[PDB]
Structure formats: C-alpha cells, structure tokens
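Dropping structure_2.cif in here (mmCIF, N, CA, C and O atoms):
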data_structure
#
loop_
_atom_site.label_atom_id
_atom_site.label_comp_id
_atom_site.auth_asym_id
_atom_site.auth_seq_id
_atom_site.Cartn_x
_atom_site.Cartn_y
_atom_site.Cartn_z
N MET A 1 95.67 123.61 87.04
CA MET A 1 97.15 123.55 87.21
C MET A 1 97.69 124.98 87.37
O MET A 1 97.52 125.61 88.39
N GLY A 2 98.36 125.48 86.37
CA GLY A 2 98.91 126.86 86.46
C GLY A 2 100.24 126.84 87.22
O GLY A 2 100.78 127.87 87.57
N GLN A 3 100.76 125.67 87.48
CA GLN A 3 102.05 125.58 88.22
C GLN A 3 103.02 124.67 87.46
O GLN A 3 102.61 123.76 86.78
N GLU A 4 104.29 124.92 87.58
CA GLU A 4 105.29 124.07 86.87
C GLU A 4 105.10 122.61 87.28
O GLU A 4 104.87 122.31 88.44
N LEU A 5 105.20 121.70 86.35
CA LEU A 5 105.03 120.26 86.70
C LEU A 5 106.39 119.66 87.04
O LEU A 5 107.20 119.38 86.17
N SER A 6 106.66 119.44 88.30
CA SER A 6 107.97 118.86 88.70
C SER A 6 107.92 117.34 88.54
O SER A 6 106.87 116.76 88.35
N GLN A 7 109.04 116.68 88.63
CA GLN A 7 109.06 115.20 88.48
C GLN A 7 108.07 114.58 89.47
O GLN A 7 107.35 113.66 89.14
N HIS A 8 108.02 115.08 90.67
CA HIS A 8 107.07 114.52 91.67
C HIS A 8 105.63 114.80 91.24
O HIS A 8 104.78 113.93 91.28
N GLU A 9 105.35 116.00 90.82
CA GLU A 9 103.97 116.34 90.38
C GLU A 9 103.60 115.49 89.17
O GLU A 9 102.47 115.07 89.01
N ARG A 10 104.54 115.23 88.30
CA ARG A 10 104.25 114.40 87.10
C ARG A 10 103.89 112.98 87.53
O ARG A 10 103.03 112.34 86.94
N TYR A 11 104.53 112.47 88.54
CA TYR A 11 104.22 111.09 89.01
C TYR A 11 102.76 111.03 89.46
O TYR A 11 102.06 110.08 89.19
N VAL A 12 102.30 112.03 90.16
CA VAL A 12 100.89 112.02 90.63
C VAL A 12 99.95 111.94 89.42
O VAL A 12 98.99 111.21 89.42
N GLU A 13 100.24 112.69 88.40
CA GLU A 13 99.37 112.67 87.19
C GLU A 13 99.26 111.23 86.67
O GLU A 13 98.19 110.74 86.38
N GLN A 14 100.37 110.55 86.56
CA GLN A 14 100.32 109.14 86.07
C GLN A 14 99.54 108.30 87.07
O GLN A 14 98.80 107.41 86.71
N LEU A 15 99.71 108.56 88.34
CA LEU A 15 98.98 107.76 89.36
C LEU A 15 97.48 107.99 89.18
O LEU A 15 96.69 107.07 89.27
N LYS A 16 97.08 109.21 88.92
CA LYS A 16 95.64 109.50 88.73
C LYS A 16 95.10 108.69 87.55
O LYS A 16 93.99 108.20 87.58
N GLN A 17 95.89 108.53 86.52
CA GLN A 17 95.42 107.73 85.35
C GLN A 17 95.08 106.32 85.81
O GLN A 17 94.06 105.76 85.45
N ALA A 18 95.93 105.72 86.61
CA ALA A 18 95.64 104.35 87.11
C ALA A 18 94.38 104.38 87.98
O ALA A 18 93.58 103.46 87.96
N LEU A 19 94.20 105.42 88.74
CA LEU A 19 92.98 105.51 89.59
C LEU A 19 91.74 105.54 88.71
O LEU A 19 90.73 104.94 89.01
N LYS A 20 91.80 106.23 87.60
CA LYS A 20 90.63 106.28 86.69
C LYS A 20 90.25 104.86 86.26
O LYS A 20 89.09 104.50 86.21
N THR A 21 91.23 104.05 85.94
CA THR A 21 90.93 102.66 85.53
C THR A 21 90.28 101.91 86.69
O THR A 21 89.46 101.03 86.49
N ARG A 22 90.63 102.25 87.90
CA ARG A 22 90.02 101.56 89.07
C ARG A 22 88.59 102.05 89.25
O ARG A 22 87.78 101.42 89.91
N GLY A 23 88.25 103.16 88.67
CA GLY A 23 86.86 103.69 88.80
C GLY A 23 86.89 104.98 89.62
O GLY A 23 86.11 105.16 90.54
N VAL A 24 87.77 105.88 89.29
CA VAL A 24 87.84 107.17 90.04
C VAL A 24 87.65 108.33 89.07
O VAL A 24 88.26 108.38 88.01
N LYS A 25 86.81 109.28 89.40
CA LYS A 25 86.59 110.43 88.49
C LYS A 25 86.61 111.72 89.31
O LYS A 25 85.61 112.14 89.86
N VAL A 26 87.74 112.37 89.39
CA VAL A 26 87.83 113.63 90.18
C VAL A 26 88.61 114.67 89.38
O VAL A 26 89.35 114.34 88.46
N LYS A 27 88.47 115.92 89.71
CA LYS A 27 89.19 116.99 88.96
C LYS A 27 90.68 116.94 89.32
O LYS A 27 91.05 116.54 90.41
N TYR A 28 91.53 117.35 88.42
CA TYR A 28 92.99 117.33 88.72
C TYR A 28 93.29 118.33 89.84
O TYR A 28 94.08 118.06 90.72
N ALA A 29 92.66 119.47 89.81
CA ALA A 29 92.91 120.49 90.87
C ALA A 29 92.69 119.86 92.25
O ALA A 29 93.34 120.21 93.22
N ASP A 30 91.77 118.93 92.34
CA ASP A 30 91.51 118.28 93.66
C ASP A 30 92.77 117.56 94.13
O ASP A 30 93.09 117.55 95.31
N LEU A 31 93.51 116.97 93.23
CA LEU A 31 94.76 116.27 93.63
C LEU A 31 95.74 117.28 94.23
O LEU A 31 96.34 117.03 95.25
N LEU A 32 95.89 118.41 93.61
CA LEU A 32 96.82 119.44 94.15
C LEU A 32 96.30 119.92 95.51
O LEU A 32 97.06 120.11 96.44
N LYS A 33 95.02 120.12 95.62
CA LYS A 33 94.45 120.58 96.92
C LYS A 33 94.69 119.51 97.99
O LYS A 33 94.94 119.81 99.14
N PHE A 34 94.63 118.26 97.62
CA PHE A 34 94.85 117.17 98.61
C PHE A 34 96.22 117.36 99.26
O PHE A 34 96.35 117.32 100.47
N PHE A 35 97.25 117.56 98.48
CA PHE A 35 98.60 117.75 99.06
C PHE A 35 98.59 118.97 99.98
O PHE A 35 99.17 118.96 101.05
N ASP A 36 97.96 120.03 99.56
CA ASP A 36 97.92 121.26 100.41
C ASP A 36 97.27 120.93 101.75
O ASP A 36 97.74 121.33 102.79
N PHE A 37 96.18 120.21 101.73
CA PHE A 37 95.49 119.86 103.00
C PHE A 37 96.44 119.04 103.88
O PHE A 37 96.56 119.28 105.07
N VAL A 38 97.10 118.07 103.31
CA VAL A 38 98.03 117.23 104.12
C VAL A 38 99.06 118.14 104.81
O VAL A 38 99.36 117.98 105.97
N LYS A 39 99.61 119.08 104.09
CA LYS A 39 100.60 120.01 104.71
C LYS A 39 99.91 120.83 105.80
O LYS A 39 100.51 121.20 106.79
N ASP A 40 98.65 121.11 105.63
CA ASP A 40 97.91 121.90 106.67
C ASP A 40 97.71 121.04 107.92
O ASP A 40 97.45 121.55 108.99
N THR A 41 97.82 119.75 107.79
CA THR A 41 97.56 118.86 108.96
C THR A 41 98.43 119.30 110.13
O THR A 41 97.95 119.52 111.23
N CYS A 42 99.71 119.44 109.92
CA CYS A 42 100.62 119.83 111.03
C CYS A 42 101.25 121.19 110.72
O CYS A 42 101.07 122.15 111.45
N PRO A 43 101.98 121.27 109.65
CA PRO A 43 102.68 122.52 109.24
C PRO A 43 101.82 123.77 109.44
O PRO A 43 102.22 124.71 110.10
N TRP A 44 100.64 123.78 108.89
CA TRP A 44 99.74 124.95 109.08
C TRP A 44 98.37 124.47 109.57
O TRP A 44 97.64 123.81 108.86
N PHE A 45 98.02 124.80 110.78
CA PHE A 45 96.71 124.35 111.33
C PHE A 45 95.56 124.91 110.49
O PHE A 45 94.62 124.21 110.16
N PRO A 46 95.64 126.17 110.15
CA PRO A 46 94.59 126.85 109.33
C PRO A 46 94.39 126.19 107.97
O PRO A 46 95.33 125.76 107.33
N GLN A 47 93.17 126.10 107.50
CA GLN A 47 92.92 125.47 106.18
C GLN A 47 92.79 126.55 105.11
O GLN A 47 92.52 127.70 105.40
N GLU A 48 92.98 126.19 103.86
CA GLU A 48 92.85 127.20 102.77
C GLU A 48 92.49 126.50 101.46
O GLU A 48 93.06 125.49 101.10
N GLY A 49 91.53 127.02 100.75
CA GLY A 49 91.13 126.39 99.46
C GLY A 49 89.80 125.65 99.63
O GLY A 49 89.45 125.24 100.72
N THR A 50 89.06 125.47 98.57
CA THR A 50 87.77 124.74 98.69
C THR A 50 88.00 123.25 98.42
O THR A 50 88.68 122.88 97.49
N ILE A 51 87.43 122.40 99.23
CA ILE A 51 87.63 120.94 99.02
C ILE A 51 86.38 120.34 98.36
O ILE A 51 85.26 120.62 98.75
N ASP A 52 86.57 119.53 97.36
CA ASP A 52 85.40 118.91 96.66
C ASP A 52 84.81 117.79 97.53
O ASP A 52 85.53 117.01 98.12
N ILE A 53 83.51 117.71 97.62
CA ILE A 53 82.89 116.64 98.45
C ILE A 53 83.19 115.28 97.84
O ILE A 53 83.36 114.30 98.53
N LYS A 54 83.26 115.20 96.54
CA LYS A 54 83.54 113.89 95.88
C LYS A 54 84.93 113.40 96.28
O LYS A 54 85.16 112.23 96.49
N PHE A 55 85.87 114.30 96.38
CA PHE A 55 87.26 113.89 96.75
C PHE A 55 87.33 113.64 98.25
O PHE A 55 88.22 112.96 98.74
N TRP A 56 86.41 114.18 99.01
CA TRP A 56 86.44 113.96 100.48
C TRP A 56 86.43 112.46 100.78
O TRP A 56 87.03 112.01 101.74
N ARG A 57 85.77 111.69 99.98
CA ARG A 57 85.73 110.22 100.22
C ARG A 57 87.15 109.65 100.19
O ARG A 57 87.52 108.83 101.00
N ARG A 58 87.95 110.09 99.26
CA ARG A 58 89.34 109.58 99.17
C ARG A 58 90.13 110.02 100.40
O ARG A 58 90.92 109.28 100.95
N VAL A 59 89.93 111.23 100.84
CA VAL A 59 90.67 111.73 102.03
C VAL A 59 90.30 110.88 103.25
O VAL A 59 91.15 110.50 104.04
N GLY A 60 89.05 110.58 103.42
CA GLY A 60 88.62 109.76 104.59
C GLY A 60 89.34 108.41 104.56
O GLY A 60 89.87 107.96 105.56
N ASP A 61 89.36 107.77 103.43
CA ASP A 61 90.04 106.44 103.34
C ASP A 61 91.55 106.64 103.45
O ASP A 61 92.23 105.89 104.12
N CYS A 62 92.08 107.64 102.81
CA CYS A 62 93.55 107.86 102.86
C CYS A 62 93.97 108.19 104.30
O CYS A 62 94.90 107.62 104.83
N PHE A 63 93.28 109.09 104.94
CA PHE A 63 93.64 109.46 106.34
C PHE A 63 93.49 108.23 107.24
O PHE A 63 94.30 108.00 108.12
N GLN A 64 92.48 107.44 107.02
CA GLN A 64 92.29 106.23 107.86
C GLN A 64 93.48 105.29 107.68
O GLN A 64 93.95 104.68 108.63
N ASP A 65 93.97 105.16 106.48
CA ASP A 65 95.14 104.27 106.25
C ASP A 65 96.35 104.80 107.03
O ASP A 65 97.07 104.06 107.66
N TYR A 66 96.57 106.09 106.98
CA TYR A 66 97.74 106.67 107.71
C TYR A 66 97.54 106.49 109.22
O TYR A 66 98.48 106.27 109.95
N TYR A 67 96.32 106.57 109.68
CA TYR A 67 96.07 106.40 111.14
C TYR A 67 96.55 105.02 111.58
O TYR A 67 97.34 104.90 112.50
N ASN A 68 96.09 103.99 110.93
CA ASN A 68 96.53 102.61 111.32
C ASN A 68 98.02 102.46 111.04
O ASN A 68 98.74 101.81 111.78
N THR A 69 98.50 103.04 109.98
CA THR A 69 99.94 102.91 109.63
C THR A 69 100.79 103.53 110.74
O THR A 69 101.74 102.94 111.22
N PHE A 70 100.45 104.72 111.16
CA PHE A 70 101.27 105.40 112.20
C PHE A 70 100.42 105.57 113.47
O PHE A 70 100.83 105.20 114.55
N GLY A 71 99.26 106.14 113.34
CA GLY A 71 98.40 106.35 114.54
C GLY A 71 97.71 107.72 114.44
O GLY A 71 97.69 108.34 113.39
N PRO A 72 97.15 108.17 115.52
CA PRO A 72 96.45 109.49 115.58
C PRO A 72 97.42 110.66 115.40
O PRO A 72 97.02 111.77 115.12
N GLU A 73 98.69 110.42 115.56
CA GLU A 73 99.68 111.53 115.41
C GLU A 73 99.59 112.09 113.99
O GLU A 73 99.40 113.28 113.80
N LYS A 74 99.72 111.26 113.00
CA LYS A 74 99.64 111.75 111.60
C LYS A 74 98.24 112.31 111.33
O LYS A 74 98.09 113.35 110.73
N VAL A 75 97.23 111.62 111.78
CA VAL A 75 95.84 112.12 111.55
C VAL A 75 94.95 111.68 112.71
O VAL A 75 94.38 110.61 112.70
N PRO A 76 94.82 112.52 113.70
CA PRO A 76 94.00 112.23 114.91
C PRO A 76 92.51 112.52 114.68
O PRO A 76 92.07 112.71 113.57
N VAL A 77 91.74 112.56 115.73
CA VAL A 77 90.28 112.83 115.58
C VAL A 77 90.07 114.29 115.17
O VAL A 77 88.99 114.68 114.77
N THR A 78 91.09 115.09 115.27
CA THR A 78 90.95 116.53 114.90
C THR A 78 90.70 116.63 113.39
O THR A 78 90.00 117.51 112.93
N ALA A 79 91.27 115.74 112.62
CA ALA A 79 91.06 115.80 111.15
C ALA A 79 89.57 115.73 110.84
O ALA A 79 89.05 116.50 110.05
N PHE A 80 88.87 114.82 111.45
CA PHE A 80 87.40 114.70 111.18
C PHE A 80 86.69 115.96 111.67
O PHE A 80 85.86 116.52 110.99
N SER A 81 87.02 116.42 112.85
CA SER A 81 86.36 117.65 113.38
C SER A 81 86.65 118.82 112.44
O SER A 81 85.76 119.56 112.08
N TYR A 82 87.88 118.99 112.04
CA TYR A 82 88.21 120.11 111.12
C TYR A 82 87.48 119.92 109.79
O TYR A 82 86.97 120.86 109.21
N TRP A 83 87.42 118.71 109.30
CA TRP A 83 86.71 118.47 108.01
C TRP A 83 85.24 118.85 108.16
O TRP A 83 84.63 119.39 107.25
N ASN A 84 84.66 118.57 109.29
CA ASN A 84 83.23 118.94 109.50
C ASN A 84 83.05 120.44 109.26
O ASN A 84 82.10 120.87 108.65
N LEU A 85 83.96 121.24 109.75
CA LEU A 85 83.87 122.71 109.53
C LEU A 85 83.98 123.00 108.03
O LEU A 85 83.27 123.83 107.50
N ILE A 86 84.86 122.33 107.34
CA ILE A 86 85.00 122.57 105.88
C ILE A 86 83.71 122.17 105.17
O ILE A 86 83.22 122.87 104.30
N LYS A 87 83.15 121.05 105.54
CA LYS A 87 81.88 120.61 104.89
C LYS A 87 80.85 121.74 104.95
O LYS A 87 80.09 121.95 104.03
N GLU A 88 80.82 122.46 106.03
CA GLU A 88 79.82 123.56 106.16
C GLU A 88 80.18 124.69 105.20
O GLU A 88 79.33 125.26 104.55
N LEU A 89 81.44 125.03 105.11
CA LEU A 89 81.85 126.15 104.22
C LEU A 89 81.48 125.81 102.78
O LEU A 89 80.90 126.61 102.07
N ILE A 90 81.80 124.63 102.33
CA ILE A 90 81.50 124.25 100.92
C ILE A 90 79.99 124.01 100.78
O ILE A 90 79.40 124.33 99.77
N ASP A 91 79.37 123.45 101.78
CA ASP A 91 77.90 123.20 101.70
C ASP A 91 77.16 124.53 101.58
O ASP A 91 76.20 124.65 100.84
N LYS A 92 77.59 125.53 102.29
CA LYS A 92 76.92 126.85 102.21
C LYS A 92 77.06 127.42 100.80
O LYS A 92 76.13 127.98 100.25
N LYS A 93 78.21 127.27 100.20
CA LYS A 93 78.41 127.80 98.82
C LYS A 93 78.01 126.73 97.81
O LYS A 93 78.60 125.67 97.74
N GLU A 94 77.02 127.00 97.01
CA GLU A 94 76.58 126.00 95.99
C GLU A 94 77.67 125.83 94.93
O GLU A 94 78.27 126.79 94.49
N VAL A 95 77.93 124.62 94.53
CA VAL A 95 78.98 124.39 93.50
C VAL A 95 78.48 123.36 92.47
O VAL A 95 77.54 122.64 92.72
N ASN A 96 79.11 123.30 91.33
CA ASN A 96 78.66 122.33 90.29
C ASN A 96 79.85 121.45 89.87
O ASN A 96 80.49 121.70 88.87
N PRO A 97 80.13 120.43 90.64
CA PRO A 97 81.25 119.50 90.35
C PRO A 97 81.11 118.81 88.99
O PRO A 97 80.60 119.38 88.05
N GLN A 98 81.56 117.59 88.88
CA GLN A 98 81.44 116.87 87.59
C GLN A 98 79.96 116.62 87.28
O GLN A 98 79.49 116.90 86.20
N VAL A 99 79.23 116.10 88.23
CA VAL A 99 77.78 115.83 87.99
C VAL A 99 76.95 116.54 89.05
O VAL A 99 77.21 116.43 90.24
N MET A 100 75.95 117.27 88.65
CA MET A 100 75.09 117.99 89.64
C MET A 100 75.99 118.72 90.64
O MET A 100 76.52 119.75 90.29
#

How does this structure look as structure tokens?
Amino acid sequence: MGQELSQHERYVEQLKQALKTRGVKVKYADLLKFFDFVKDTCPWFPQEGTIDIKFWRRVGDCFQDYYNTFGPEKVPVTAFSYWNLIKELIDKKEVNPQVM
C-alpha cells in the first residue's frame, strides 16, 4: 500500500475479501497494479511496474469480459501482444510470489 485509502480504494479491499471466499489468493499490491495497467491501456501506452503471473490469469478473464461487453476498443489484440512482452520482463527476473 503506502497510499491513502480513498472510499473507492476501500471498496476494492472489501471486494478482494469476497474474491478470497471464491478461491482467490493474490497480493494486495497486485490489485493496485491492476488499476495502473488499465489506465496504461489507453491513457499511457507505455507500461510500468512488475505484474504477477498469478494475477495475469485474472487480467486475461477481466479483459476478455470487457472485450465482449464493449469490443476490441477497450481491449484489442494489442493487450495480449503487450502482455507477452511483460511476461518476458518478469520471466527474466526470478521472483518468489506466494508459493514458489
């Protein structure tokens, strides 16, 4: 964290609790990074921050939902291509997530 918790940020924390009951186990920082990536989709083409591979699964499903909801405009095939580049950056740097 390290950032003030606004009413909107507090809602996400409660949402994460419900996700845990559904069977989700990810770091809280990953949730904050998720919002940053979404803003990078259009607002800033360049990416910034390390993305956890475990959370990547949620992004793939979340982005797919937005695609059908709106279309390729919100998340086109560029999202997958850009993610492929990120996978290499994180894959090159060894990390120790929750497990292994």

Query raised in the report: region 33-49 of chain A: which residues within 8 Å, counting all atoms listed in the file, same-chain residues fewer than 2 positions away excluded, as a count of residues only?
Result: 16

Requested in this report: Enumerate, as a PyMOL selection string, the complete set of residues in region 7-74 of chain A that a backbone-based DSSP assignment places in alpha helix (DSSP H).
Outcome: chain A and resi 7-22+28-41+53-69

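Note that the spacing between atom N of residue 1 (chain A) and CA of residue 32 (chain A) amounts to 8.3 Å.
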
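Our summary of the geometry notes that atom O of residue 98 (chain A) is positioned 10.4 Å from atom O of residue 26 (chain A).
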